[PDB]
$ cat target.cif   # mmCIF, C-alpha atoms and all ligand atoms; chains and numbers go by the auth columns
data_coords
#
loop_
_atom_site.group_PDB
_atom_site.id
_atom_site.type_symbol
_atom_site.label_atom_id
_atom_site.label_comp_id
_atom_site.label_asym_id
_atom_site.label_seq_id
_atom_site.Cartn_x
_atom_site.Cartn_y
_atom_site.Cartn_z
_atom_site.B_iso_or_equiv
_atom_site.auth_seq_id
_atom_site.auth_asym_id
ATOM 1 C CA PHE A 1 -26.774 -4.189 -2.571 0.00 1 X
ATOM 2 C CA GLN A 2 -24.846 -3.692 -5.850 0.00 2 X
ATOM 3 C CA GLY A 3 -25.889 -1.285 -8.645 0.00 3 X
ATOM 4 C CA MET A 4 -27.993 -3.133 -11.154 0.00 4 X
ATOM 5 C CA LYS A 5 -27.381 -3.365 -14.839 0.00 5 X
ATOM 6 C CA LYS A 6 -29.763 -4.231 -17.612 0.00 6 X
ATOM 7 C CA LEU A 7 -29.364 -7.918 -18.465 0.00 7 X
ATOM 8 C CA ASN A 8 -30.828 -7.533 -21.978 0.00 8 X
ATOM 9 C CA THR A 9 -33.367 -10.279 -21.482 0.00 9 X
ATOM 10 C CA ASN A 10 -37.008 -10.502 -20.480 0.00 10 X
ATOM 11 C CA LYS A 11 -36.571 -13.978 -18.947 0.00 11 X
ATOM 12 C CA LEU A 12 -35.876 -14.547 -15.216 0.00 12 X
ATOM 13 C CA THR A 13 -33.272 -17.125 -14.257 0.00 13 X
ATOM 14 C CA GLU A 14 -34.255 -19.742 -11.687 0.00 14 X
ATOM 15 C CA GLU A 15 -32.415 -17.827 -8.963 0.00 15 X
ATOM 16 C CA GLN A 16 -34.410 -14.724 -9.871 0.00 16 X
ATOM 17 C CA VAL A 17 -37.684 -16.619 -9.975 0.00 17 X
ATOM 18 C CA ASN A 18 -36.928 -17.822 -6.450 0.00 18 X
ATOM 19 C CA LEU A 19 -36.192 -14.292 -5.313 0.00 19 X
ATOM 20 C CA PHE A 20 -39.685 -13.282 -6.443 0.00 20 X
ATOM 21 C CA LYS A 21 -41.249 -16.347 -4.882 0.00 21 X
ATOM 22 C CA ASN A 22 -39.495 -16.177 -1.502 0.00 22 X
ATOM 23 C CA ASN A 23 -39.372 -12.487 -0.625 0.00 23 X
ATOM 24 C CA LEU A 24 -41.771 -9.622 -0.132 0.00 24 X
ATOM 25 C CA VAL A 25 -41.899 -7.830 -3.503 0.00 25 X
ATOM 26 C CA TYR A 26 -42.054 -4.037 -3.849 0.00 26 X
ATOM 27 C CA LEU A 27 -43.732 -2.409 -6.811 0.00 27 X
ATOM 28 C CA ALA A 28 -43.327 1.050 -8.313 0.00 28 X
ATOM 29 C CA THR A 29 -45.566 3.002 -10.686 0.00 29 X
ATOM 30 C CA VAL A 30 -45.659 6.515 -12.112 0.00 30 X
ATOM 31 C CA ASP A 31 -48.324 9.041 -11.256 0.00 31 X
ATOM 32 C CA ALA A 32 -50.042 11.610 -13.359 0.00 32 X
ATOM 33 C CA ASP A 33 -47.279 14.225 -12.823 0.00 33 X
ATOM 34 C CA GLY A 34 -44.551 11.788 -13.811 0.00 34 X
ATOM 35 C CA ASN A 35 -43.494 11.070 -10.231 0.00 35 X
ATOM 36 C CA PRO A 36 -42.766 7.700 -8.745 0.00 36 X
ATOM 37 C CA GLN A 37 -44.921 5.797 -6.258 0.00 37 X
ATOM 38 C CA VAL A 38 -43.821 2.649 -4.355 0.00 38 X
ATOM 39 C CA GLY A 39 -45.288 0.014 -2.062 0.00 39 X
ATOM 40 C CA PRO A 40 -45.171 -3.669 -1.039 0.00 40 X
ATOM 41 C CA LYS A 41 -47.196 -6.409 -2.839 0.00 41 X
ATOM 42 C CA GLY A 42 -47.549 -9.612 -0.832 0.00 42 X
ATOM 43 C CA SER A 43 -49.564 -11.509 -3.474 0.00 43 X
ATOM 44 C CA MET A 44 -46.901 -11.542 -6.209 0.00 44 X
ATOM 45 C CA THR A 45 -46.355 -14.815 -8.023 0.00 45 X
ATOM 46 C CA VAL A 46 -44.362 -16.028 -10.979 0.00 46 X
ATOM 47 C CA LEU A 47 -46.330 -17.509 -13.867 0.00 47 X
ATOM 48 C CA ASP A 48 -43.304 -18.249 -16.022 0.00 48 X
ATOM 49 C CA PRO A 49 -39.833 -16.664 -16.515 0.00 49 X
ATOM 50 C CA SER A 50 -41.322 -13.678 -18.409 0.00 50 X
ATOM 51 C CA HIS A 51 -44.613 -13.206 -16.523 0.00 51 X
ATOM 52 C CA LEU A 52 -45.682 -12.339 -13.010 0.00 52 X
ATOM 53 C CA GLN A 53 -49.073 -11.924 -11.404 0.00 53 X
ATOM 54 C CA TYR A 54 -50.573 -10.325 -8.312 0.00 54 X
ATOM 55 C CA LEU A 55 -53.921 -9.479 -6.770 0.00 55 X
ATOM 56 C CA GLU A 56 -55.041 -5.902 -6.591 0.00 56 X
ATOM 57 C CA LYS A 57 -57.163 -5.730 -3.452 0.00 57 X
ATOM 58 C CA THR A 58 -56.806 -2.088 -2.418 0.00 58 X
ATOM 59 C CA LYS A 59 -57.370 -0.452 -5.804 0.00 59 X
ATOM 60 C CA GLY A 60 -55.398 2.585 -4.593 0.00 60 X
ATOM 61 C CA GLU A 61 -52.673 4.722 -6.202 0.00 61 X
ATOM 62 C CA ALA A 62 -50.702 1.934 -7.885 0.00 62 X
ATOM 63 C CA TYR A 63 -53.920 0.669 -9.451 0.00 63 X
ATOM 64 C CA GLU A 64 -55.032 4.125 -10.589 0.00 64 X
ATOM 65 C CA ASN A 65 -51.535 4.700 -12.103 0.00 65 X
ATOM 66 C CA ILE A 66 -51.661 1.363 -13.899 0.00 66 X
ATOM 67 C CA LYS A 67 -55.201 2.095 -15.140 0.00 67 X
ATOM 68 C CA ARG A 68 -53.819 5.374 -16.541 0.00 68 X
ATOM 69 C CA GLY A 69 -51.087 3.508 -18.467 0.00 69 X
ATOM 70 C CA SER A 70 -48.114 3.368 -16.137 0.00 70 X
ATOM 71 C CA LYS A 71 -45.451 0.734 -16.570 0.00 71 X
ATOM 72 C CA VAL A 72 -44.524 -1.194 -13.434 0.00 72 X
ATOM 73 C CA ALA A 73 -41.152 -1.834 -11.816 0.00 73 X
ATOM 74 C CA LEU A 74 -40.749 -4.668 -9.310 0.00 74 X
ATOM 75 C CA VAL A 75 -37.921 -5.634 -7.018 0.00 75 X
ATOM 76 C CA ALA A 76 -37.330 -8.732 -4.943 0.00 76 X
ATOM 77 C CA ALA A 77 -34.402 -8.503 -2.505 0.00 77 X
ATOM 78 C CA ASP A 78 -32.810 -11.018 -0.140 0.00 78 X
ATOM 79 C CA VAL A 79 -31.217 -9.037 2.647 0.00 79 X
ATOM 80 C CA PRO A 80 -29.115 -11.821 4.186 0.00 80 X
ATOM 81 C CA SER A 81 -27.295 -12.380 0.881 0.00 81 X
ATOM 82 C CA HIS A 82 -27.721 -8.837 -0.500 0.00 82 X
ATOM 83 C CA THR A 83 -28.895 -10.331 -3.786 0.00 83 X
ATOM 84 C CA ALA A 84 -31.761 -8.787 -5.712 0.00 84 X
ATOM 85 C CA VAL A 85 -33.494 -8.629 -9.051 0.00 85 X
ATOM 86 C CA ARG A 86 -35.645 -5.921 -10.618 0.00 86 X
ATOM 87 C CA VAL A 87 -37.930 -5.982 -13.569 0.00 87 X
ATOM 88 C CA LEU A 88 -39.642 -3.455 -15.786 0.00 88 X
ATOM 89 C CA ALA A 89 -43.042 -4.757 -16.925 0.00 89 X
ATOM 90 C CA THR A 90 -46.227 -3.774 -18.679 0.00 90 X
ATOM 91 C CA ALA A 91 -49.480 -4.506 -16.850 0.00 91 X
ATOM 92 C CA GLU A 92 -52.503 -6.432 -18.135 0.00 92 X
ATOM 93 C CA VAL A 93 -55.411 -5.967 -15.753 0.00 93 X
ATOM 94 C CA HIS A 94 -58.289 -8.437 -15.492 0.00 94 X
ATOM 95 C CA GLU A 95 -61.175 -7.115 -13.450 0.00 95 X
ATOM 96 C CA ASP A 96 -64.090 -9.537 -13.898 0.00 96 X
ATOM 97 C CA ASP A 97 -63.511 -11.483 -17.091 0.00 97 X
ATOM 98 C CA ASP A 98 -63.478 -15.261 -17.179 0.00 98 X
ATOM 99 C CA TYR A 99 -59.696 -15.326 -16.675 0.00 99 X
ATOM 100 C CA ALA A 100 -60.008 -13.282 -13.506 0.00 100 X
ATOM 101 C CA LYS A 101 -62.802 -15.526 -12.302 0.00 101 X
ATOM 102 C CA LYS A 102 -60.682 -18.653 -12.900 0.00 102 X
ATOM 103 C CA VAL A 103 -57.671 -17.203 -11.087 0.00 103 X
ATOM 104 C CA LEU A 104 -59.668 -15.790 -8.194 0.00 104 X
ATOM 105 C CA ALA A 105 -61.586 -19.030 -7.609 0.00 105 X
ATOM 106 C CA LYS A 106 -58.322 -20.375 -6.149 0.00 106 X
ATOM 107 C CA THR A 107 -58.215 -17.462 -3.661 0.00 107 X
ATOM 108 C CA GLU A 108 -60.381 -15.887 -0.939 0.00 108 X
ATOM 109 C CA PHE A 109 -60.568 -12.506 -2.727 0.00 109 X
ATOM 110 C CA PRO A 110 -63.246 -12.852 -5.441 0.00 110 X
ATOM 111 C CA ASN A 111 -63.540 -9.072 -5.825 0.00 111 X
ATOM 112 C CA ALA A 112 -59.858 -8.363 -6.247 0.00 112 X
ATOM 113 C CA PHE A 113 -58.476 -7.512 -9.681 0.00 113 X
ATOM 114 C CA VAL A 114 -55.879 -9.806 -11.220 0.00 114 X
ATOM 115 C CA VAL A 115 -52.896 -7.978 -12.592 0.00 115 X
ATOM 116 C CA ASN A 116 -50.580 -9.847 -14.941 0.00 116 X
ATOM 117 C CA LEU A 117 -47.151 -8.349 -15.588 0.00 117 X
ATOM 118 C CA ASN A 118 -45.293 -8.903 -18.826 0.00 118 X
ATOM 119 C CA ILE A 119 -41.619 -8.574 -18.208 0.00 119 X
ATOM 120 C CA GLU A 120 -39.866 -6.276 -20.660 0.00 120 X
ATOM 121 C CA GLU A 121 -36.458 -6.113 -19.032 0.00 121 X
ATOM 122 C CA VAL A 122 -34.569 -7.668 -16.137 0.00 122 X
ATOM 123 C CA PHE A 123 -31.897 -5.931 -14.084 0.00 123 X
ATOM 124 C CA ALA A 124 -29.488 -7.442 -11.558 0.00 124 X
ATOM 125 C CA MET B 1 -52.379 5.325 1.209 0.00 1 I
ATOM 126 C CA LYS B 2 -53.626 8.945 0.854 0.00 2 I
ATOM 127 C CA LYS B 3 -51.924 12.365 0.655 0.00 3 I
ATOM 128 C CA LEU B 4 -51.615 13.798 4.183 0.00 4 I
ATOM 129 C CA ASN B 5 -51.092 17.370 2.921 0.00 5 I
ATOM 130 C CA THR B 6 -47.864 17.891 4.857 0.00 6 I
ATOM 131 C CA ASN B 7 -44.113 17.723 4.331 0.00 7 I
ATOM 132 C CA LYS B 8 -43.439 16.649 7.933 0.00 8 I
ATOM 133 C CA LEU B 9 -43.252 13.109 9.301 0.00 9 I
ATOM 134 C CA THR B 10 -45.034 12.318 12.534 0.00 10 I
ATOM 135 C CA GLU B 11 -43.230 10.593 15.360 0.00 11 I
ATOM 136 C CA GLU B 12 -44.807 7.227 14.378 0.00 12 I
ATOM 137 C CA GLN B 13 -43.563 7.747 10.819 0.00 13 I
ATOM 138 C CA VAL B 14 -40.056 8.606 11.969 0.00 14 I
ATOM 139 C CA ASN B 15 -40.090 5.293 13.835 0.00 15 I
ATOM 140 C CA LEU B 16 -41.341 3.456 10.760 0.00 16 I
ATOM 141 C CA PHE B 17 -38.333 4.762 8.806 0.00 17 I
ATOM 142 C CA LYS B 18 -36.030 3.859 11.683 0.00 18 I
ATOM 143 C CA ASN B 19 -37.265 0.292 12.228 0.00 19 I
ATOM 144 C CA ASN B 20 -38.016 -1.052 8.764 0.00 20 I
ATOM 145 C CA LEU B 21 -36.200 -1.569 5.476 0.00 21 I
ATOM 146 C CA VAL B 22 -36.931 1.407 3.180 0.00 22 I
ATOM 147 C CA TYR B 23 -37.512 1.073 -0.533 0.00 23 I
ATOM 148 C CA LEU B 24 -36.802 3.892 -2.981 0.00 24 I
ATOM 149 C CA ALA B 25 -38.233 4.482 -6.425 0.00 25 I
ATOM 150 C CA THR B 26 -37.281 6.808 -9.263 0.00 26 I
ATOM 151 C CA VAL B 27 -38.109 7.265 -12.944 0.00 27 I
ATOM 152 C CA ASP B 28 -35.932 7.547 -15.953 0.00 28 I
ATOM 153 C CA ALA B 29 -36.233 10.565 -18.261 0.00 29 I
ATOM 154 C CA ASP B 30 -38.865 8.725 -20.329 0.00 30 I
ATOM 155 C CA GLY B 31 -40.832 7.926 -17.156 0.00 31 I
ATOM 156 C CA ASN B 32 -39.949 4.221 -16.766 0.00 32 I
ATOM 157 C CA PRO B 33 -39.947 3.382 -13.024 0.00 33 I
ATOM 158 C CA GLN B 34 -37.087 1.911 -10.950 0.00 34 I
ATOM 159 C CA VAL B 35 -37.261 0.539 -7.421 0.00 35 I
ATOM 160 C CA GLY B 36 -34.820 -0.876 -4.883 0.00 36 I
ATOM 161 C CA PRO B 37 -33.990 -1.303 -1.207 0.00 37 I
ATOM 162 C CA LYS B 38 -31.954 1.376 0.641 0.00 38 I
ATOM 163 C CA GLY B 39 -30.533 0.110 3.909 0.00 39 I
ATOM 164 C CA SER B 40 -28.597 3.317 4.632 0.00 40 I
ATOM 165 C CA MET B 41 -31.705 5.561 4.750 0.00 41 I
ATOM 166 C CA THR B 42 -31.734 7.921 7.769 0.00 42 I
ATOM 167 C CA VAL B 43 -34.178 10.550 8.954 0.00 43 I
ATOM 168 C CA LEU B 44 -32.374 13.870 9.628 0.00 44 I
ATOM 169 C CA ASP B 45 -35.482 15.821 10.691 0.00 45 I
ATOM 170 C CA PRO B 46 -39.193 15.595 10.018 0.00 46 I
ATOM 171 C CA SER B 47 -38.862 16.989 6.458 0.00 47 I
ATOM 172 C CA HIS B 48 -35.427 15.573 5.464 0.00 48 I
ATOM 173 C CA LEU B 49 -33.841 12.205 4.949 0.00 49 I
ATOM 174 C CA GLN B 50 -30.413 11.047 3.866 0.00 50 I
ATOM 175 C CA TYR B 51 -28.850 7.946 2.362 0.00 51 I
ATOM 176 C CA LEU B 52 -25.574 6.770 0.920 0.00 52 I
ATOM 177 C CA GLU B 53 -25.166 6.058 -2.737 0.00 53 I
ATOM 178 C CA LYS B 54 -22.453 3.445 -2.765 0.00 54 I
ATOM 179 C CA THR B 55 -23.028 1.894 -6.200 0.00 55 I
ATOM 180 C CA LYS B 56 -24.103 4.797 -8.300 0.00 56 I
ATOM 181 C CA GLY B 57 -26.539 2.573 -10.350 0.00 57 I
ATOM 182 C CA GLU B 58 -29.928 3.257 -12.021 0.00 58 I
ATOM 183 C CA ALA B 59 -31.570 5.283 -9.215 0.00 59 I
ATOM 184 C CA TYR B 60 -28.458 7.460 -9.238 0.00 60 I
ATOM 185 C CA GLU B 61 -28.570 7.926 -12.991 0.00 61 I
ATOM 186 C CA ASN B 62 -32.280 8.798 -12.840 0.00 62 I
ATOM 187 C CA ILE B 63 -31.787 11.330 -10.046 0.00 63 I
ATOM 188 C CA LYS B 64 -28.882 12.898 -11.948 0.00 64 I
ATOM 189 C CA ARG B 65 -31.362 13.548 -14.816 0.00 65 I
ATOM 190 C CA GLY B 66 -33.971 15.073 -12.499 0.00 66 I
ATOM 191 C CA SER B 67 -36.115 12.267 -11.073 0.00 67 I
ATOM 192 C CA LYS B 68 -37.958 12.926 -7.880 0.00 68 I
ATOM 193 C CA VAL B 69 -37.672 10.179 -5.293 0.00 69 I
ATOM 194 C CA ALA B 70 -40.434 8.089 -3.690 0.00 70 I
ATOM 195 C CA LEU B 71 -39.784 6.212 -0.478 0.00 71 I
ATOM 196 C CA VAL B 72 -41.794 3.744 1.516 0.00 72 I
ATOM 197 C CA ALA B 73 -41.234 2.458 5.028 0.00 73 I
ATOM 198 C CA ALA B 74 -43.705 -0.395 5.610 0.00 74 I
ATOM 199 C CA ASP B 75 -44.119 -2.633 8.631 0.00 75 I
ATOM 200 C CA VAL B 76 -46.177 -5.143 6.659 0.00 76 I
ATOM 201 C CA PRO B 77 -46.940 -7.519 9.582 0.00 77 I
ATOM 202 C CA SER B 78 -48.272 -4.569 11.664 0.00 78 I
ATOM 203 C CA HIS B 79 -50.264 -3.026 8.795 0.00 79 I
ATOM 204 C CA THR B 80 -48.556 0.332 9.128 0.00 80 I
ATOM 205 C CA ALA B 81 -46.694 2.248 6.487 0.00 81 I
ATOM 206 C CA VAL B 82 -45.630 5.629 5.326 0.00 82 I
ATOM 207 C CA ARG B 83 -44.689 6.925 1.877 0.00 83 I
ATOM 208 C CA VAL B 84 -42.917 10.131 0.828 0.00 84 I
ATOM 209 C CA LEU B 85 -42.218 12.047 -2.325 0.00 85 I
ATOM 210 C CA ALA B 86 -38.980 14.059 -2.121 0.00 86 I
ATOM 211 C CA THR B 87 -36.415 15.931 -4.163 0.00 87 I
ATOM 212 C CA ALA B 88 -32.767 15.038 -4.022 0.00 88 I
ATOM 213 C CA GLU B 89 -29.564 16.981 -3.402 0.00 89 I
ATOM 214 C CA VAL B 90 -26.463 14.966 -4.295 0.00 90 I
ATOM 215 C CA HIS B 91 -23.259 15.628 -2.329 0.00 91 I
ATOM 216 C CA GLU B 92 -20.337 13.916 -3.961 0.00 92 I
ATOM 217 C CA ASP B 93 -17.188 15.003 -2.124 0.00 93 I
ATOM 218 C CA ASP B 94 -17.926 18.425 -0.647 0.00 94 I
ATOM 219 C CA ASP B 95 -17.301 19.306 2.979 0.00 95 I
ATOM 220 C CA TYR B 96 -20.793 18.121 3.932 0.00 96 I
ATOM 221 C CA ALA B 97 -20.269 14.714 2.353 0.00 97 I
ATOM 222 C CA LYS B 98 -16.963 14.355 4.197 0.00 98 I
ATOM 223 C CA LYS B 99 -18.487 15.294 7.545 0.00 99 I
ATOM 224 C CA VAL B 100 -21.257 12.732 7.061 0.00 100 I
ATOM 225 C CA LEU B 101 -19.057 9.918 5.783 0.00 101 I
ATOM 226 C CA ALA B 102 -16.466 10.293 8.565 0.00 102 I
ATOM 227 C CA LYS B 103 -18.884 8.383 10.753 0.00 103 I
ATOM 228 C CA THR B 104 -19.054 5.484 8.258 0.00 104 I
ATOM 229 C CA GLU B 105 -16.931 2.860 6.570 0.00 105 I
ATOM 230 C CA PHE B 106 -17.928 4.328 3.174 0.00 106 I
ATOM 231 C CA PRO B 107 -15.653 7.286 2.540 0.00 107 I
ATOM 232 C CA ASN B 108 -16.172 7.197 -1.232 0.00 108 I
ATOM 233 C CA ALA B 109 -19.946 6.920 -1.276 0.00 109 I
ATOM 234 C CA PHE B 110 -22.042 9.885 -2.354 0.00 110 I
ATOM 235 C CA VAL B 111 -24.425 11.397 0.185 0.00 111 I
ATOM 236 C CA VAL B 112 -27.949 12.055 -1.051 0.00 112 I
ATOM 237 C CA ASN B 113 -30.166 14.384 0.927 0.00 113 I
ATOM 238 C CA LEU B 114 -33.937 14.169 0.358 0.00 114 I
ATOM 239 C CA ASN B 115 -36.294 17.101 0.974 0.00 115 I
ATOM 240 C CA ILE B 116 -39.803 15.823 1.625 0.00 116 I
ATOM 241 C CA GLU B 117 -42.507 17.406 -0.532 0.00 117 I
ATOM 242 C CA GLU B 118 -45.442 15.147 0.469 0.00 118 I
ATOM 243 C CA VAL B 119 -46.236 12.424 2.983 0.00 119 I
ATOM 244 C CA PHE B 120 -48.792 9.678 2.315 0.00 120 I
ATOM 245 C CA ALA B 121 -50.304 7.177 4.668 0.00 121 I
HETATM 246 CL CL CL C . -31.458 -20.453 -14.861 0.00 201 S
#

$ encode --input "target.cif" --output "structure tokens" --more "lines below"
Ligand SMILES: [Cl-]
Amino acid sequence: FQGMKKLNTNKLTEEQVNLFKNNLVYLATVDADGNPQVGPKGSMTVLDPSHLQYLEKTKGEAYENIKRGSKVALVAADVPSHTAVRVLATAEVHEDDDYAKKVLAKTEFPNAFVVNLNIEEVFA
Amino acid sequence: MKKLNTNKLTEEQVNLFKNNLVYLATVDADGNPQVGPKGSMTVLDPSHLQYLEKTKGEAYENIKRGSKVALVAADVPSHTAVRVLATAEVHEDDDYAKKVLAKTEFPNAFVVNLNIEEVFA
């Protein structure tokens, strides 16, 4: 995998959208001491080239960091090609509002939280 | 995943690092997070890991400015995973780096040693 550079856009290309769609995404947040945290998120989807969404089922450290104001970094990597894309995003969390209810009605996790991610920057 | 109150990997956690793709995360000096895969990650002992920095990209720049380093080794199908928080020591072309890289095709990479501060699972 190559070093990534800032692409000076907040819009994914189609190839990058397909990276996010087709691979297990990893997400990183920042804890209360300013340290990183990282873990996999299987429920990631792409709403449009500047917005992603996932379900927060565990409500663990990532969620607590986000609730405390952390920004979110995401990566989607394709090992066979060694291609990857990363984003920096701000999180918009929907716990039990009508938007959450609408989104979750299409899933089997009615008590999850719906986290939308507004892409600020793309790196590749 | 919860703090285990140790800086030492268990045998199961060593195997998780050995058998799965590891992801690394850092923060820039303003606190914005970064995350990416690290295929060269290796456990040296229960409290130390090591990887190669071949590209010297954003994780590198963040570490240079003092970022601590988070790692995860997840076997997602098996529902097992381990996370660490560590500090880095960067070896660019000292005798240690040379010794390590002699066993690789990457003689100009930097060697980054990670000292585990906390394990989570
Ligand atoms: Cl495109």

$ residues_around --input "target.cif" --residues "residue 66 in chain I" --least-positions-apart "6" --cutoff "10 Å" --atoms "all atoms listed in the file" --output "PyMOL selection string"
chain I and resi 26-29+60+87-88

$ resolve_selection --input "target.cif" --expression "the PyMOL selection byres ((chain X) within 8 of (chain I))" --output "list in words"
residues 1, 2, 3, 4, 5, 26, 27, 28, 29, 30, 34, 35, 36, 37, 38, 39, 40, 60, 61, 71, 72, 73, 74, 75, 77, 86 and 88 of chain X

$ write_last_selection --input "target.cif" --atoms "C-alpha atoms" --output "tab-separated table (two decimals), in the coordinates of the input"
chain	number	residue	atom	x	y	z
X	1	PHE	CA	-26.77	-4.19	-2.57
X	2	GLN	CA	-24.85	-3.69	-5.85
X	3	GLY	CA	-25.89	-1.28	-8.64
X	4	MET	CA	-27.99	-3.13	-11.15
X	5	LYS	CA	-27.38	-3.36	-14.84
X	26	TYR	CA	-42.05	-4.04	-3.85
X	27	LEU	CA	-43.73	-2.41	-6.81
X	28	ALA	CA	-43.33	1.05	-8.31
X	29	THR	CA	-45.57	3.00	-10.69
X	30	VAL	CA	-45.66	6.52	-12.11
X	34	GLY	CA	-44.55	11.79	-13.81
X	35	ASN	CA	-43.49	11.07	-10.23
X	36	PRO	CA	-42.77	7.70	-8.74
X	37	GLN	CA	-44.92	5.80	-6.26
X	38	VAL	CA	-43.82	2.65	-4.36
X	39	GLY	CA	-45.29	0.01	-2.06
X	40	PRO	CA	-45.17	-3.67	-1.04
X	60	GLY	CA	-55.40	2.58	-4.59
X	61	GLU	CA	-52.67	4.72	-6.20
X	71	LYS	CA	-45.45	0.73	-16.57
X	72	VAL	CA	-44.52	-1.19	-13.43
X	73	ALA	CA	-41.15	-1.83	-11.82
X	74	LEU	CA	-40.75	-4.67	-9.31
X	75	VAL	CA	-37.92	-5.63	-7.02
X	77	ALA	CA	-34.40	-8.50	-2.50
X	86	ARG	CA	-35.65	-5.92	-10.62
X	88	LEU	CA	-39.64	-3.46	-15.79

$ atom_distance --input "target.cif" --atom1 "CA of residue 123 in chain X" --atom2 "CA of residue 63 in chain X"
23.5 Å

$ residues_near_ligand --input "target.cif" --ligand "ligand CL 201 (chain S)" --cutoff "12 Å" --atoms "all atoms listed in the file" --output "PyMOL selection string"
chain X and resi 11-18+49

$ atom_distance --input "target.cif" --atom1 "CA of residue 24 in chain X" --atom2 "CA of residue 78 in chain I"
14.4 Å

$ resolve_selection --input "target.cif" --expression "the PyMOL selection byres (((chain I and resi 3) around 8) and not hetatm)" --output "list in words"
residues 1, 2, 4, 5, 118, 119, 120 and 121 of chain I

$ axis_aligned_box --input "target.cif" --around "range 80-89 of chain X" --padding-each-side "8 Å" --output "JSON"
{"center_x": -35.2, "center_y": -7.9, "center_z": -6.4, "size_x": 31.7, "size_y": 24.9, "size_z": 37.1}

$ atom_distance --input "target.cif" --atom1 "CA of residue 104 in chain X" --atom2 "CA of residue 118 in chain X"
19.2 Å

$ resolve_selection --input "target.cif" --expression "the PyMOL selection byres (((chain I and resi 48) around 6) and not hetatm)" --output "list in words"
residues 44, 45, 46, 47, 49, 114, 115 and 116 of chain I

$ closest_residue --input "target.cif" --among "I:107, I:40, I:20, I:11" --to "residue 94 in chain I" --atoms "only C-alpha atoms"
I:107

$ build_atoms --input "target.cif" --residues "range 20-32 of chain X" --atoms "N, CA, C and O atoms" --output "tab-separated table (two decimals), keeping the file's coordinate frame"
chain	number	residue	atom	x	y	z
X	20	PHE	N	-38.31	-13.73	-6.37
X	20	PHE	CA	-39.68	-13.28	-6.44
X	20	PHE	C	-40.63	-14.14	-5.64
X	20	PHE	O	-41.52	-13.61	-4.99
X	21	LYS	N	-40.40	-15.43	-5.64
X	21	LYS	CA	-41.25	-16.35	-4.88
X	21	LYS	C	-41.10	-16.21	-3.37
X	21	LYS	O	-42.10	-16.37	-2.65
X	22	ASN	N	-39.88	-15.97	-2.90
X	22	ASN	CA	-39.49	-16.18	-1.50
X	22	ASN	C	-39.42	-14.91	-0.68
X	22	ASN	O	-39.22	-14.95	0.55
X	23	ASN	N	-39.51	-13.76	-1.33
X	23	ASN	CA	-39.37	-12.49	-0.62
X	23	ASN	C	-40.55	-11.57	-0.88
X	23	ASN	O	-41.27	-11.72	-1.86
X	24	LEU	N	-40.77	-10.62	0.03
X	24	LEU	CA	-41.77	-9.62	-0.13
X	24	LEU	C	-41.34	-8.73	-1.28
X	24	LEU	O	-40.24	-8.14	-1.26
X	25	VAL	N	-42.18	-8.63	-2.30
X	25	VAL	CA	-41.90	-7.83	-3.50
X	25	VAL	C	-42.41	-6.41	-3.32
X	25	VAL	O	-43.50	-6.20	-2.77
X	26	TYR	N	-41.64	-5.44	-3.82
X	26	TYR	CA	-42.05	-4.04	-3.85
X	26	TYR	C	-42.26	-3.62	-5.27
X	26	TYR	O	-41.54	-4.06	-6.17
X	27	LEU	N	-43.29	-2.83	-5.49
X	27	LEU	CA	-43.73	-2.41	-6.81
X	27	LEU	C	-43.77	-0.90	-6.90
X	27	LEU	O	-44.19	-0.23	-5.97
X	28	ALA	N	-43.38	-0.38	-8.06
X	28	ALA	CA	-43.33	1.05	-8.31
X	28	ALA	C	-44.07	1.36	-9.59
X	28	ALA	O	-44.01	0.58	-10.55
X	29	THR	N	-44.79	2.48	-9.57
X	29	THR	CA	-45.57	3.00	-10.69
X	29	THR	C	-45.31	4.49	-10.78
X	29	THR	O	-44.64	5.09	-9.94
X	30	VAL	N	-45.88	5.11	-11.82
X	30	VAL	CA	-45.66	6.52	-12.11
X	30	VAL	C	-47.00	7.21	-12.13
X	30	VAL	O	-47.95	6.76	-12.78
X	31	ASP	N	-47.08	8.31	-11.40
X	31	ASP	CA	-48.32	9.04	-11.26
X	31	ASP	C	-48.53	10.01	-12.38
X	31	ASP	O	-47.77	10.08	-13.36
X	32	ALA	N	-49.63	10.76	-12.28
X	32	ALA	CA	-50.04	11.61	-13.36
X	32	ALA	C	-49.08	12.78	-13.64
X	32	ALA	O	-49.12	13.36	-14.72
